[PDB]
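Colleague: next one to model:
(one chain, ligands or ions: 1)
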Amino acid sequence: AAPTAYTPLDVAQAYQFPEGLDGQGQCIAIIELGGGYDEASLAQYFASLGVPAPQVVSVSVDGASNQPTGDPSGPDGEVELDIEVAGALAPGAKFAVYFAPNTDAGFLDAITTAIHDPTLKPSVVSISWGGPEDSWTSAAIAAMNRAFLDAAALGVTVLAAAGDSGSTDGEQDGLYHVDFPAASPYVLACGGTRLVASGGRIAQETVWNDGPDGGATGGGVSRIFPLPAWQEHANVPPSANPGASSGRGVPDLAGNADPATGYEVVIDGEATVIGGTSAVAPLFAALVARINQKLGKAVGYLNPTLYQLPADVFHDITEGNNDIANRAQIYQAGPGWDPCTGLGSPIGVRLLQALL
Ligand SMILES: [Ca+2]
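Modeller: Residues are numbered from 1 along each chain as shown. Shown next is the structure:
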């Protein structure tokens, strides 16, 4: 009954993305730690979709490059998903794709390279790579967080997928875990929903959770970052971990991620349907580029503002949980901000209006 797949244009129509804006005059940076894209996959994608193929440029960081491995189950499914979702929705934007070694060094460098790129000058950075907070060294965490801090002062929005393994984030240690870089207070963390869209509008939108075998959105309470003052009115709960400690609530926003209501894309030259919170940072990156186009000034660091905007700028997700480690429903969605979906799915035209 409910659709089993969407085009990005369908998802954007449900989230009322602001029309007649295509990201012209903006650059979206996408960070990549493996695989690549091929011109054949993208051209087929955008032709079948029916949108003018956007300009995409590969950038080599620390010696890595654009190199498809041909396995749609590998990193190409990430690189091509990121370009196809964001390019479908901001096809007037220029896309800058930074390829780096999958190392602490390569991840950081790819980000700092993007933020400061004097030639492509992206106003938005989209990230769909990560790892549980404690899987990172404290120094790597610090370098990265300072890059995000830098991004904010430069007027560059940084978005990042919150993770595809629920509230335990792929760690079995009796503890709940959030993913980094989504946990950074300077990053717009992107969570995952199952969307059911009907007639261009949302018929239902619930937490993405297909069990331990099909994935769940990341979400929870940071153990590294304290609760930011802009989250003081969001009713963030304490971590569900034994000392009940206060912390940055993840994520900030959420959108369609459930493979079961997935995106129709072309990976390694073949059609398929995939999801993952990996699709949602591109999705909203496109949204931000459209807003930048209309306001004529980069929104830059957006998190604090979101939380003080009127609640009706967001579609509230209230049903579901992102627990795949057990049946205790940690964490669960509910009225207002929750640790599965944040403030909810943005309603693009209202968000823009509130920023005018
Ligand atoms: Ca909610």
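
Colleague: only C-alpha atoms for contact and neighbour calcs from this point on.
Modeller: OK.

Colleague: what are the boundaries of the helices in the chain?
Modeller: For the chain, applying DSSP state H gives helices covering 8-14, 39-49, 75-89, 104-115, 138-154, 280-295, 303-306, 348-355.

Colleague: and of these, who's closest to residue 188?
Modeller: Closest approach to residue 188 among the helices of the chain is made by helix 303-306 (6.2 Å; C-alpha to C-alpha).

Colleague: how distant is that closest one from the center of its chain?
Modeller: Centre-to-centre, helix 303-306 and its host chain are 16 Å apart (C-alpha atoms, centre = their mean, to the nearest Å).

Colleague: out of the helices of the chain, which gets nearest to residue 229?
Modeller: So among the helices of the chain, helix 303-306 is nearest, using C-alpha to C-alpha, at 8.5 Å.

Colleague: tell me which residues in the closest one are buried?
Modeller: Neighbour counts using 16 or more other C-alpha atoms under 10 Å place 303-304, 306 of helix 303-306 among the buried residues.

Colleague: stretch 71-83 now?
Modeller: For stretch 71-83, burial by neighbour count (16+ other C-alpha under 10 Å) applies to 72, 75-83.

Colleague: alongside the ion, which residues does this structure contribute?
Modeller: 316-318, 334-338 (C-alpha under 5 Å from the ion).

Colleague: could I have the PyMOL command that selects the buried members from the residues you listed?
Modeller: This is how PyMOL selects the buried members of these, with burial counted by 16+ other C-alpha under 10 Å:
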select buried, resi 316+317+318+334+336+337+338
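
Colleague: what would the residues of the chain next to the ion look like in CSV with distance to residue 267?
Modeller: Below are the residues of the chain next to the ion laid out as CSV (distance: C-alpha to C-alpha, whole Å):
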residue, distance to residue 267
316, 32
317, 30
318, 33
334, 35
335, 37
336, 36
337, 34
338, 33
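
Colleague: nearest to residue 273, of the residues of the chain next to the ion?
Modeller: For the residues of the chain next to the ion, the minimum distance to residue 273 (C-alpha to C-alpha) is 23.3 Å, reached by residue 317.

Colleague: so that closest one touches residue 333, yeah?
Modeller: Yes - Residue 317 is in contact with residue 333 according to C-alpha atoms under 8 Å; the separation is 6.6 Å.

Colleague: shared neighbours of these two, anything?
Modeller: Common neighbours of residue 317 and residue 333 are listed as 207, 341 (criterion: C-alpha atoms under 8 Å, 6 or more residues apart in numbering).

Colleague: rewinding a little: out of the helices of the chain, flag the one nearest residue 325.
Modeller: Proximity to residue 325 (C-alpha to C-alpha) singles out helix 280-295 among the helices of the chain, at 23.0 Å.

Colleague: show me what that closest one is packed up against.
Modeller: In this structure, helix 280-295 packs against strand 27-32, helix 75-89, strand 124-127, strand 157-161, strand 188-198, strand 253-256, with contacts taken as 3 or more C-alpha pairs under 8 Å, 6 or more residues apart in numbering; DSSP states H and E.

Colleague: can you tell me which of the residues of the chain next to the ion are in strands?
Modeller: Using DSSP state E to define strands, no part of the residues of the chain next to the ion is located there.

Colleague: thinking again about what came up before, out of the helices and strands packed on helix 280-295, which is closest to residue 51?
Modeller: Closest among the helices and strands packed on helix 280-295, using C-alpha to C-alpha: helix 75-89, at 6.8 Å.

Colleague: who touches the closest one?
Modeller: Contact partners of helix 75-89, identified using C-alpha under 8 Å, 6+ apart, comprise 8-9, 12, 22, 30, 32, 34-37, 41-42, 45-46, 49, 51, 53-54, 68-71, 93, 95, 128, 265-268, 278-279, 282-287.

Colleague: check stretch 93-111 too.
Modeller: Here stretch 93-111 makes contact (C-alpha under 8 Å, 6+ apart) with 22-34, 54-66, 83, 87, 114, 120, 122, 140, 143-144, 147, 289.

Colleague: which residue does the stretch 51-200 of the chain bring closest to the ion?
Modeller: Residue of the stretch 51-200 of the chain nearest the ion, by C-alpha to the ion: residue 193 (11.1 Å).

Colleague: so what's that residue up against?
Modeller: Contacts of residue 193 (C-alpha under 8 Å, 6+ apart): 205-208, 217, 254-258, 341.

Colleague: at 6 Å what do you get?
Modeller: Counting by C-alpha atoms under 6 Å, 6 or more residues apart in numbering, residue 193 makes contact with 206-208, 255-257.
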